[PDB]
Amino acid sequence: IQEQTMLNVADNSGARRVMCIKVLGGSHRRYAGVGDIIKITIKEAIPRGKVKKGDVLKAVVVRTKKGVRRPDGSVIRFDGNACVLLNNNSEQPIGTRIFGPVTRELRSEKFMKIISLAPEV
Amino acid sequence: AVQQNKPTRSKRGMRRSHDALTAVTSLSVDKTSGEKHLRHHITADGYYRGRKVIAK
Amino acid sequence: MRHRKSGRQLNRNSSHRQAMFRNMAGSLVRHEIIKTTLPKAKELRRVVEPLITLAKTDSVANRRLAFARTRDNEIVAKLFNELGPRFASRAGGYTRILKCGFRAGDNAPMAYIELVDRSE
RNA sequence: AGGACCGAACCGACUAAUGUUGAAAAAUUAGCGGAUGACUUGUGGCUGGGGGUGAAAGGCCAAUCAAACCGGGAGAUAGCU
RNA sequence: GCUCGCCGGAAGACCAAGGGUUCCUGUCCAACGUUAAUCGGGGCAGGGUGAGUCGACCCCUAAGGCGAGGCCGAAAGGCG
RNA sequence: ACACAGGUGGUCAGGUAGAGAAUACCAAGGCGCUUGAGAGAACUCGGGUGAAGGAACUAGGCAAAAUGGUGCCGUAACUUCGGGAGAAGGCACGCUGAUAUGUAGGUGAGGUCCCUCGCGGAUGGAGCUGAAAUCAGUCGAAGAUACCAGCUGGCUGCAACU
RNA sequence: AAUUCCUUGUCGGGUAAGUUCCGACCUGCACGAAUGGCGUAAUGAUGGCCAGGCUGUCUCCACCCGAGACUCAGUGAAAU
RNA sequence: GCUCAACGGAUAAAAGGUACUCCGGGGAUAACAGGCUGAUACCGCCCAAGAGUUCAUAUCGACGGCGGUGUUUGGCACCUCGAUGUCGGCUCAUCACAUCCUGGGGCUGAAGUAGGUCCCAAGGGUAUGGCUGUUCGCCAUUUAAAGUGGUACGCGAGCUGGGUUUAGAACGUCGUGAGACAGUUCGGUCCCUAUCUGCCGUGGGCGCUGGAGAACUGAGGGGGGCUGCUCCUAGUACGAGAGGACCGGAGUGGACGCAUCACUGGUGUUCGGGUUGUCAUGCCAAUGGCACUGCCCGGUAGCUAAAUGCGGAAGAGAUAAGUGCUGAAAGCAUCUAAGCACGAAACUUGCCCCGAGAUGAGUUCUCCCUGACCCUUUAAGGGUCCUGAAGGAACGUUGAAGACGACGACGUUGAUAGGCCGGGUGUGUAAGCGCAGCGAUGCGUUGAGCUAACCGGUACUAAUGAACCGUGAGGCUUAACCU
Numbered sequence: 021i022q023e024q025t026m027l028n029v030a031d032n033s034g035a036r037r038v039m040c041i042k043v044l045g046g047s048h049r050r051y052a053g054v055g056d057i058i059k060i061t062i063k064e065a066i067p068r069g070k071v072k073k074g075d076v077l078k079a080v081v082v083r084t085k086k087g088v089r090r091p092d093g094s095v096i097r098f099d100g101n102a103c104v105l106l107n108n109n110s111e112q113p114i115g116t117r118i119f120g121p122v123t124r125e126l127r128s129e130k131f132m133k134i135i136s137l138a139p140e141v
Numbered sequence: 038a039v040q041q042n043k044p045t046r047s048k049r050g051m052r053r054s055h056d057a058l059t060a061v062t063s064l065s066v067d068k069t070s071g072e073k074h075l076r077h078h079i080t081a082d083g084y085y086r087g088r089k090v091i092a093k
Numbered sequence: 002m003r004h005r006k007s008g009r010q011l012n013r014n015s016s017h018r019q020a021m022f023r024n025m026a027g028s029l030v031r032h033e034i035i036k037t038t039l040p041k042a043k044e045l046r047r048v049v050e051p052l053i054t055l056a057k058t059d060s061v062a063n064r065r066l067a068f069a070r071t072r073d074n075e076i077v078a079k080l081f082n083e084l085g086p087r088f089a090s091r092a093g094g095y096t097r098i099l100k101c102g103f104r105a106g107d108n109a110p111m112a113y114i115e116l117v118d119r120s121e
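So the sequence lines, in the order shown, correspond to chains A, B and C.
Count along the first sequence from 1, add 20, and you get the number used in my numbering.
Count along the second sequence from 1, add 37, and you get the number used in my numbering.
Count along the third sequence from 1, add 1, and you get the number used in my numbering.
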């Protein structure tokens, strides 16, 4: 979310704990956590995941403890901070299957595949 | 902190121009006893606006 | 900042303020007229008047609540026996503040806060 | 048994903050180190200045120390202000 | 006087050192007290300290000091 | 220099909880610290609580925050076989009742004998005090419920160590 | 290397990124055997580094409680 | 009889260290900063052998030349040694334009996309981290870009102290040694209560010409001026393809500023509850004090961001570079000389705020004051009595106003605070009694009881009527109007 933020991975190919090295989009953007794309290092990885430790690639935040605010004032708060790993050049999901809840805020462009694969929207 | 030159007796008086006391300019008179009192205060013989309110 | 905020600190902590107004309420109930400083009397209105409003209805729960907010059983007995019926008709305003002059040691605005139906 | 351990009194003084015309001519507050020993403490005594004493720092010798304090030579001298 | 708070292996009480009347009683509020003061350890008077058993004194000695004679040192003096 | 937040040797040491002279609250005793009254700006000091992220701060985790107790298990490299080592890590902690009208245990009254017959011995087992455990029940969000009370691990330099 | 100027030497590690650290190489400006050489369990208010935890250190401050600061009465300085 | 050779020769005869240092002076003399200069530096131009696929100037330019700046290395020693704090960082800035981005152009060796170079343009904007003390530098990752300089290489009576710049210690090297090092390493006291100017806020006094109560005009001044991503046009123009439009529209963000608290949150020592230890209220029960608010769990108002709203515009005028029209001097030519037209995020306005002390003190509306006497050195003036007006101030209750003033509401014809009534909220089934149980405890009365700054009401309390200030018709010169 912020820089120096550890996140869980929703998708399978992305592995375990990941850290946000940069908040992409914006000159001095401090905090971005709803549908935003963040540059990611892999701080710890299982070997079954395709990506490995020390590798930089993009991600999109899917779950935030801060939570989205709906238009009527509703706040959906998800426990845990989660990301879906994306390729640096393509920004397309590496993982074949997305796990856990997703929000309807991730309905734009390449995130349609994420909400298609993920069970609960 | 310190001054580089001594301030003048003139500038002392100009600073104390706005340091002056204010007169009372009015004293209310109670109806029952003729003593003048501070307005909305006890008359110092024990009367408010028209009645004896404290023994002392 | 102080916007729509009640409560006068009077340069003391909350425990001292509570203890001071408990003792002042006890003295005001006991003697029916006391001399205080003026803000002290003004917040003394706010502690003393709900005690008589509680003391209008006499029950063991209300005497226990009055003992909680005074810790003086003589004051509880006076509130529920001598006063209470006296102020039963009065819809608030048991306290009257009469401003006196100024204190000698410190120039403090002085006041006499008294019960309205004082026998003297 | 322990120049054992944890830890009060006790002895010291590691970091920070306040103070810095202070409450104080090195303190206070949070934490700190030793605390049965080469410990600490009271009461006396001894060592005197090119001297003492020093688990050593030019440390200490009365808020004074690469040579204390007091008086004398002394109105030293000062091509300098 | 009644309530409140504080300390309570002390901010309680007693000795030691040190101080020296600061003790108690009456009176006064000029200077003192970081304010007012009727109060005080302030001023000014008057009282108060009772020992065979407690300390000192005393009997003894430690570290050490002084040391007749003595030894040594230019005198002062050092050591004993 | 002061009616100064410092320094000053010994002695006594009540209750409850506690290993305790810690600490919390109280006894007995002594005090509120010789300027007060308001208002509740910035800023300063000492604290409290913080959404999300968490060392990105910074010269440096400086400071703060955390961990902290007792019992039972369990514990690595290396080692001078003492250590390391409270290594690290895990579990249980409150109340009420039963076991057991209060148990193990401690302290011991009558009584009973004996003797050089008194401050004697021996035998008793009434009363008093009483830790810990186990089992069931029960309350909160929480049971070392406050104060008090350790942060831990890996690699190195130097000096053996106090 | 508490020593290597060049030097942030070269490699491998740890990080996304490492003049620190750790381990090797020897090319020792300018190590070397009681002016002691090399290691060493334990120990250290020691020097350097890396983690877990934890948090207002930080992003970026916000509110609250007290002591000042403000006003009022009394006394009332300082450097220059 | 002297290399008394430092040769006008101190004495027969004399080396060093001080970071442990001390004294008297000196900016007579270095370090820092400022001043002069500008050799060097940086920037620009002159010529143009060349370099460029052929093709000096699309792009650079040898050999040489001339300038500009104060700006880097230096020179000097004017200043500062009876004192001008030293790098960096943090916070806060301001200026220049030799312009990094955004705007307007010219040339291109500019098919498009994307660039190069030059001109105009200073309105706004112009990263986060790792290493290390660093400015630097290397790197990792952003962005439209992460400008270049000045400001005592801005900023220590603003902060830091890693750095240097002390006293302790050690290593390498030099010296017999004390000690030394433009070596290294570990450790190592950064003070100010603001008089003046200056700002930022906020008042008092008098003026503006009789005194008031309002509402404004706008001379001036300040704030604000940023941009990305996607889609349409359009896969169109452009193109062999690959790629892919400096027009014109639409949304959506980032950073920034302003307001607000309806929501989501935080806080909430002034509400409710749980709970540990102890003490008290005689005791059980119920409560209270103290232990950081004892620890917590929640939380109303208020404040606030992390919440939501809003905005930096479009225009208009005059222009810069630039492009032109008509048009001579110069029958052709020519953007200029007379004329005429466009042309920028710059300028002036448009948006917001201040603002007549705008001494040039402005405008409009309304209210209010129309009595005598005496002296009299006459724009003239005094003294006395009578009368004090419109209004203000004081006092009091106060405010989502406030350091204090100031400002706003209300003052008995009164809702201005407190209290009271009802609600709302927040916390979570009070006490008491009864029942089940051996008891802890449970269950019922009971969503009970408490409740804050909140909402709607209510004269129960305090806002007493005086009094005070403020006046009495307002100066001299050129007009209609009638006397």
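For each residue, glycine too, the CB sits at the ideal point set by N, CA and C.
| query | result |
| --- | --- |
| Closest Cα partner of residue 93 of chain C within the set C/67, C/46, C/61 and C/103 | C/46 |
| Helix, strand or coil at residue 12 of chain C according to DSSP, with G and I counted as helix | coil |
| Burial state of residue 74 of chain B, where buried means 16 or more other Cβ atoms lie within 10 Å | buried |
| Beta-carbon gap between residue 80 of chain A and residue 104 of chain A smaller than 9 Å | yes |
| Backbone secondary structure at residue 123 of chain C - three-state DSSP | Lying before the first or after the last residue shown, residue 123 of chain C is absent from chain C, which here runs from 2 to 121. |
| Whole-angstrom C-beta distance between residue 120 of chain A and residue 68 of chain A, which should lie under 8 Å | About 18 Å separates the two Cβ atoms, so there is no contact after all. |
| Test item: CB-CB of residue 110 of chain A and residue 71 of chain A under 9 Å | no |
| Span of the alpha helix (DSSP H) around residue 75 of chain C | 74-78 |
| Where residue 139 of chain A falls: helix, strand or coil (DSSP) | coil |
| Cα-Cα separation, residue 22 of chain C to residue 109 of chain C | 18 Å |
| Contacts that residue 121 of chain C makes with chain B (C-beta to C-beta distance below 7 Å) | 92 |
| Short CB-CB distance (under 9 Å) between residue 2 of chain B and chain C | Any question about residue 2 of chain B goes unanswered here, given that chain B covers just 38 to 93. |
| Classification of residue 68 of chain B by the beta-carbon crowding that lies within 10 angstroms, buried from 16 upward | exposed |
| Pair within 9 Å by beta-carbon distance, residue 42 of chain C and residue 105 of chain C | no |
| For residue 100 of chain C and residue 39 of chain C, believed in contact at Cβ under 8 Å, the rounded distance | 6 Å |
| Pair within 9 Å by beta-carbon distance, residue 88 of chain C and residue 77 of chain C | no |
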